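The next block holds one structure in the form of structure tokens; read it before the comments.
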Protein chains: 2
Amino acid sequence: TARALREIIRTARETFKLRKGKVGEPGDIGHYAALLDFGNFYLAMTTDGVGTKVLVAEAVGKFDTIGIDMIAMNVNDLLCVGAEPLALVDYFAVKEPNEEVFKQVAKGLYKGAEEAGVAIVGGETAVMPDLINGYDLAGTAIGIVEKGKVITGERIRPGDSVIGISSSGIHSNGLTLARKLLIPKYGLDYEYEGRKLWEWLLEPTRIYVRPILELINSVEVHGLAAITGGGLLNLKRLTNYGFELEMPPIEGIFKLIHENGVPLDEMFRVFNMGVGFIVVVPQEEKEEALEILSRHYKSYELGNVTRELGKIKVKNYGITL
Amino acid sequence: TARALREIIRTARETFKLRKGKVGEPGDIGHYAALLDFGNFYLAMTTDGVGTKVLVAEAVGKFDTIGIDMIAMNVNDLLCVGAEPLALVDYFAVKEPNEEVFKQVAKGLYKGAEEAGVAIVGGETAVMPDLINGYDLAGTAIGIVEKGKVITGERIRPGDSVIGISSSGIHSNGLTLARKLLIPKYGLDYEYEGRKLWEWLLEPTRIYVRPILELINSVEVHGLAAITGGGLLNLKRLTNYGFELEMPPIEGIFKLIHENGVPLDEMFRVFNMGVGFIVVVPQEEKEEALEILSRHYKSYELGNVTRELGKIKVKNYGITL
Ligand SMILES: Nc1ncnc2c1ncn2[C@@H]1O[C@H](COP(=O)(O)OP(=O)(O)O)[C@@H](O)[C@H]1O
Ligand SMILES: Nc1ncnc2c1ncn2[C@@H]1O[C@H](COP(=O)(O)OP(=O)(O)O)[C@@H](O)[C@H]1O
Ligand SMILES: [K+]
Ligand SMILES: [K+]
Ligand SMILES: [K+]
Ligand SMILES: [K+]
Ligand SMILES: [Mn+2]
Ligand SMILES: [Mn+2]
Ligand SMILES: [Mn+2]
Ligand SMILES: [Mn+2]
């Protein structure tokens, strides 16, 4: 995927010059959101879709949370440049205009928007059964960040504290692996540790807007990272310095996936493994950061940034990424 | 589709209050773009995808212009609130990370961005063969319009001149009907007026940014409408006043579709029928508007706004929509 994407990324970089010295002049591609110069502030812009989680939703008939997944993944990405999320449009590409599906989808859209503090301001609905084998839900969000307040990881230095905020579960990455591995053997009604498999696979992605906005207005913050596609590898987008981490015990849906033969080094590159969002702060801020975040969600001191470069060492699992 | 979508639009309107009195406060849903209050200016935001035209692109191994379609449809919608397009992100949902396809897509992304004057600032690439039977390309664009300079149709008055700007061809609406009607009967290589059927179906959507921005900065403009899904019915989004129009001769792919039994009232509700964009100006501006638009594309007087509220009368075809 990265190799195919290189030609699109290189072309996109060549279009930056079209806004050079004008409103909308962008920063570089590669971070969690694009930053556009509006003079007194930057507009942040990001887009993402739910993914094949929606095939599980359709299989069992539970659609009232995929709209939470859509809103969560987009607003969480805005947070990772330091931005306040403001507004979103949704792109809904569907096999058919099933009114019941749309009614359920709208319930989760409302819940997620209310939790994130964003208005849903427009969208697109495309009925395309030749192209879409389900109900593909995506969106684009915009946020605002003041000049001088952008947080992209540039200030991360060896010694900094690395703190994890718990995920609600699988969130919206790794669903293809989980679906193909687990559904044929167990079925979606299989009970694992008190929850059916569809409950594990459809648990809505957590929204981190309130804790992160409180955090960045309270302490010095050097980096912010949503743990999405690529798992812990997302940390390498913030910095070339290394990480030395102790990750939480493997539990819930991740434990079942591991027990069905996925090695841990692969799982840390695919799944969030219990940590949905990671923040990097100077050590003197660690205690206050943990206090703030813990009032919202279970949060952990994971480890330290290191002078050793380019590696993520998960010490308690013997893994290096 | 309208009934299913009402569930989502009802919920979206309920989220507007989350930005009441704050940066990002939106206007209402229903126009070609969302307008968000940023104090001194509105941000305009819209999203749309190419559609099943990509299945023709795939068959002939030519994705070189699909990026033009995606950019055109998004920047043209921004024009219809009076906004200058600035930046876009693309959402590329693919059955495989095919490096040939991606290299082709990048070519048209550059050409479309350069013609529209926008930067491509980010995106999402989702490899999802279980969900996507092809390569679906969509995007989201943002633009800017100053307070006092929004053009959404409220100033349209009876007697105003209605001017059409020619389309390049089918653009990106009505492709499923055209594909299902023509491809299994004629074959993709069927030659019609010197072009193969696939060339008719794949012709990239026209970009109207340069003529429309020159127009709005030179003459009084009362309404702007891209002729996309719904065909001429899009005009009713601008005003409750009526329209009396003479539409161009039915030519090219539209003639072939018509000769295969689609009724003309349906075709004016599905296809652009040769008119890709419509502008509404006071009569005294008509000649100056035609001169400005005709620098860039074939453009012509279509008719006038009337007091026959809610009717679109295509006089020369005897069709009332
Ligand atoms: N899934 C959706 N969610 C929210 N708003 C939508 C959705 N689909 C369409 N809309 C809104 O409905 C209006 C009509 O949309 P559409 O039919 O896609 O036409 P257009 O692309 O010409 O705006 C627009 O204001 C659009 O923002
Ligand atoms: N199709 C695309 N076009 C332009 N930029 C893209 C595209 N896909 C991904 N990107 C950019 O590459 C970077 C990584 O994207 P992605 O892998 O989706 O992770 P994330 O969602 O965590 O940003 C982002 O900056 C994104 O904007
Ligand atoms: K992103
Ligand atoms: K990612
Ligand atoms: K639109
Ligand atoms: K439309
Ligand atoms: Mn993301
Ligand atoms: Mn649309
Ligand atoms: Mn549109
Ligand atoms: Mn992404």
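By convention in this document, the chains of the structure tokens carry letters A, B, ... by their order, each chain's residues are numbered from 1, and ligands are numbered from 1 in the order they are shown.
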Using only C-alpha atoms and all ligand atoms, what table do you get, as JSON lines, when you list each residue of chain B with an atom no more than 9 Å from ligand 8, its nearest pair of atoms, and their distance in Å rounded to one decimal, rows by chain then rising number?
```
{"residue": "B:32", "atom": "CA", "partner": "ligand 8", "partner_atom_place_in_ligand_line": "1 (Mn)", "distance": 7.8}
{"residue": "B:46", "atom": "CA", "partner": "ligand 8", "partner_atom_place_in_ligand_line": "1 (Mn)", "distance": 8.0}
{"residue": "B:47", "atom": "CA", "partner": "ligand 8", "partner_atom_place_in_ligand_line": "1 (Mn)", "distance": 6.5}
{"residue": "B:48", "atom": "CA", "partner": "ligand 8", "partner_atom_place_in_ligand_line": "1 (Mn)", "distance": 5.0}
{"residue": "B:49", "atom": "CA", "partner": "ligand 8", "partner_atom_place_in_ligand_line": "1 (Mn)", "distance": 7.6}
{"residue": "B:73", "atom": "CA", "partner": "ligand 8", "partner_atom_place_in_ligand_line": "1 (Mn)", "distance": 8.6}
{"residue": "B:74", "atom": "CA", "partner": "ligand 8", "partner_atom_place_in_ligand_line": "1 (Mn)", "distance": 8.7}
{"residue": "B:77", "atom": "CA", "partner": "ligand 8", "partner_atom_place_in_ligand_line": "1 (Mn)", "distance": 8.7}
{"residue": "B:228", "atom": "CA", "partner": "ligand 8", "partner_atom_place_in_ligand_line": "1 (Mn)", "distance": 8.2}
{"residue": "B:229", "atom": "CA", "partner": "ligand 8", "partner_atom_place_in_ligand_line": "1 (Mn)", "distance": 7.3}
```
Report task. Please check which protein, DNA or RNA residues sit within 12 Å of ligand 9, counting only C-alpha atoms and all ligand atoms, and write them as a PyMOL selection string. Result -> (chain A and resi 91+122-126) or (chain B and resi 30-34+45-51+69-80+138-141+171-173+205+225-231+234+276-277)
Query - Interface, chain A side, toward chain B (6 Å; only C-alpha atoms) as an NGL selection string - result: :A and (1 or 4 or 7-8 or 12 or 15-16 or 18 or 24 or 29 or 34 or 47-48 or 86 or 97 or 99 or 102-103 or 106 or 117 or 119-124 or 131-133)
Requested in this report: Could you check which of B:321, B:315, B:67, B:159 is closest to ligand 2, using only C-alpha atoms and all ligand atoms?
Outcome: B:67
Enumerate, as a PDB file with N, CA and C atoms, in the first residue's frame, the complete set of residues in range 19-102 of chain A that a backbone-based DSSP assignment places in strand (DSSP E).
```pdb
ATOM      1  N   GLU A  25      -2.547  27.796   2.218  1.00  0.00           N
ATOM      2  CA  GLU A  25      -1.222  27.212   2.051  1.00  0.00           C
ATOM      3  C   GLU A  25      -1.018  26.058   3.033  1.00  0.00           C
ATOM      4  N   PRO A  26      -0.692  24.860   2.559  1.00  0.00           N
ATOM      5  CA  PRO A  26      -0.637  23.694   3.443  1.00  0.00           C
ATOM      6  C   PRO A  26       0.759  23.412   3.979  1.00  0.00           C
ATOM      7  N   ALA A  34      -4.018  17.483   7.843  1.00  0.00           N
ATOM      8  CA  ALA A  34      -3.381  18.548   7.087  1.00  0.00           C
ATOM      9  C   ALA A  34      -3.580  19.855   7.834  1.00  0.00           C
ATOM     10  N   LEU A  35      -2.575  20.728   7.781  1.00  0.00           N
ATOM     11  CA  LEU A  35      -2.661  22.054   8.380  1.00  0.00           C
ATOM     12  C   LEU A  35      -2.644  23.100   7.277  1.00  0.00           C
ATOM     13  N   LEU A  36      -3.638  23.985   7.272  1.00  0.00           N
ATOM     14  CA  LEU A  36      -3.788  24.992   6.224  1.00  0.00           C
ATOM     15  C   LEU A  36      -3.739  26.379   6.845  1.00  0.00           C
ATOM     16  N   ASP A  37      -2.921  27.258   6.268  1.00  0.00           N
ATOM     17  CA  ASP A  37      -2.678  28.584   6.834  1.00  0.00           C
ATOM     18  C   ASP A  37      -3.836  29.516   6.489  1.00  0.00           C
ATOM     19  N   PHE A  41      -4.675  31.593  12.176  1.00  0.00           N
ATOM     20  CA  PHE A  41      -4.825  30.244  12.694  1.00  0.00           C
ATOM     21  C   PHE A  41      -4.600  29.265  11.554  1.00  0.00           C
ATOM     22  N   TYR A  42      -4.471  27.991  11.910  1.00  0.00           N
ATOM     23  CA  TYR A  42      -4.470  26.910  10.939  1.00  0.00           C
ATOM     24  C   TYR A  42      -5.811  26.196  10.982  1.00  0.00           C
ATOM     25  N   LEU A  43      -6.323  25.851   9.813  1.00  0.00           N
ATOM     26  CA  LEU A  43      -7.400  24.884   9.748  1.00  0.00           C
ATOM     27  C   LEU A  43      -6.781  23.504   9.604  1.00  0.00           C
ATOM     28  N   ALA A  44      -7.259  22.554  10.401  1.00  0.00           N
ATOM     29  CA  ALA A  44      -6.827  21.172  10.300  1.00  0.00           C
ATOM     30  C   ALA A  44      -7.892  20.367   9.569  1.00  0.00           C
ATOM     31  N   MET A  45      -7.458  19.447   8.708  1.00  0.00           N
ATOM     32  CA  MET A  45      -8.388  18.708   7.853  1.00  0.00           C
ATOM     33  C   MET A  45      -7.938  17.259   7.749  1.00  0.00           C
ATOM     34  N   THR A  46      -8.873  16.322   7.930  1.00  0.00           N
ATOM     35  CA  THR A  46      -8.551  14.898   7.881  1.00  0.00           C
ATOM     36  C   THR A  46      -9.752  14.122   7.344  1.00  0.00           C
ATOM     37  N   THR A  47      -9.487  12.946   6.768  1.00  0.00           N
ATOM     38  CA  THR A  47     -10.561  12.094   6.268  1.00  0.00           C
ATOM     39  C   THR A  47     -10.233  10.639   6.586  1.00  0.00           C
ATOM     40  N   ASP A  48     -11.273   9.847   6.851  1.00  0.00           N
ATOM     41  CA  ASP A  48     -11.078   8.440   7.190  1.00  0.00           C
ATOM     42  C   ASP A  48     -12.423   7.748   7.124  1.00  0.00           C
ATOM     43  N   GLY A  49     -12.395   6.439   6.861  1.00  0.00           N
ATOM     44  CA  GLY A  49     -13.596   5.637   6.839  1.00  0.00           C
ATOM     45  C   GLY A  49     -13.563   4.547   7.899  1.00  0.00           C
ATOM     46  N   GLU A  84      -8.783  21.718  17.812  1.00  0.00           N
ATOM     47  CA  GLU A  84     -10.133  21.548  18.327  1.00  0.00           C
ATOM     48  C   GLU A  84     -11.055  21.128  17.187  1.00  0.00           C
ATOM     49  N   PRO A  85     -11.675  19.950  17.247  1.00  0.00           N
ATOM     50  CA  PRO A  85     -12.615  19.557  16.184  1.00  0.00           C
ATOM     51  C   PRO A  85     -13.849  20.448  16.154  1.00  0.00           C
ATOM     52  N   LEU A  86     -14.306  20.777  14.940  1.00  0.00           N
ATOM     53  CA  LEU A  86     -15.437  21.686  14.772  1.00  0.00           C
ATOM     54  C   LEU A  86     -16.589  21.081  13.988  1.00  0.00           C
ATOM     55  N   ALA A  87     -16.309  20.448  12.852  1.00  0.00           N
ATOM     56  CA  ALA A  87     -17.383  20.117  11.927  1.00  0.00           C
ATOM     57  C   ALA A  87     -16.961  18.944  11.059  1.00  0.00           C
ATOM     58  N   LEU A  88     -17.957  18.218  10.557  1.00  0.00           N
ATOM     59  CA  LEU A  88     -17.690  17.013   9.786  1.00  0.00           C
ATOM     60  C   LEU A  88     -18.736  16.869   8.687  1.00  0.00           C
ATOM     61  N   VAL A  89     -18.329  16.296   7.555  1.00  0.00           N
ATOM     62  CA  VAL A  89     -19.274  15.799   6.556  1.00  0.00           C
ATOM     63  C   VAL A  89     -19.117  14.288   6.467  1.00  0.00           C
ATOM     64  N   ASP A  90     -20.200  13.578   6.141  1.00  0.00           N
ATOM     65  CA  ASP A  90     -20.093  12.130   6.019  1.00  0.00           C
ATOM     66  C   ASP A  90     -20.310  11.717   4.574  1.00  0.00           C
ATOM     67  N   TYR A  91     -19.545  10.725   4.137  1.00  0.00           N
ATOM     68  CA  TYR A  91     -19.660  10.128   2.814  1.00  0.00           C
ATOM     69  C   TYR A  91     -20.165   8.704   3.012  1.00  0.00           C
ATOM     70  N   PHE A  92     -21.355   8.405   2.491  1.00  0.00           N
ATOM     71  CA  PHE A  92     -22.002   7.119   2.751  1.00  0.00           C
ATOM     72  C   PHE A  92     -22.240   6.459   1.402  1.00  0.00           C
ATOM     73  N   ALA A  93     -21.439   5.444   1.085  1.00  0.00           N
ATOM     74  CA  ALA A  93     -21.515   4.744  -0.192  1.00  0.00           C
ATOM     75  C   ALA A  93     -22.116   3.380   0.094  1.00  0.00           C
ATOM     76  N   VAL A  94     -23.272   3.093  -0.504  1.00  0.00           N
ATOM     77  CA  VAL A  94     -24.100   1.994  -0.021  1.00  0.00           C
ATOM     78  C   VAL A  94     -24.559   1.121  -1.179  1.00  0.00           C
TER      79      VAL A  94
END
```
Requested in this report: Could you give me the residues within range 199-286 of chain A that DSSP places in helix (DSSP H, G or I), as a PyMOL selection string?
Outcome: chain A and resi 199-202+209-216+231-237+252-259+264-270+283-286
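Residues surrounding residue 268 in chain A within 12 Å are residues 173, 174, 227, 228, 229, 230, 231, 232, 233, 234, 235, 245, 247, 248, 250, 254, 257, 258, 262, 274, 275, 312, 313, 314, 317, 318, 319, 320 and 321 of chain A [only C-alpha atoms; sequence separation below 6 positions excluded].
In this structure, CA of residue 223 in chain B sits 11.9 Å away from CA of residue 241 in chain B.
From CA of residue 266 in chain B back to atom 23 (O, counted along the ligand's line) of ligand 1, the distance works out to 19.6 Å.
Distances from B:310, B:297, B:237, B:221 to ligand 6 were compared using only C-alpha atoms and all ligand atoms, and the smallest one belongs to B:237.
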Requested in this report: Using only C-alpha atoms, determine which residues lie at most 9 Å from residue 161 in chain A, disregarding the query and same-chain residues fewer than 2 positions distant; provide the list as a list in words.
Outcome: residues 158, 159, 163, 279, 280, 281, 282, 283, 284, 285, 286, 301, 302, 303, 304 and 305 of chain A
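For the pair CA of residue 209 in chain B and CA of residue 166 in chain B, the interatomic distance is 13.8 Å.
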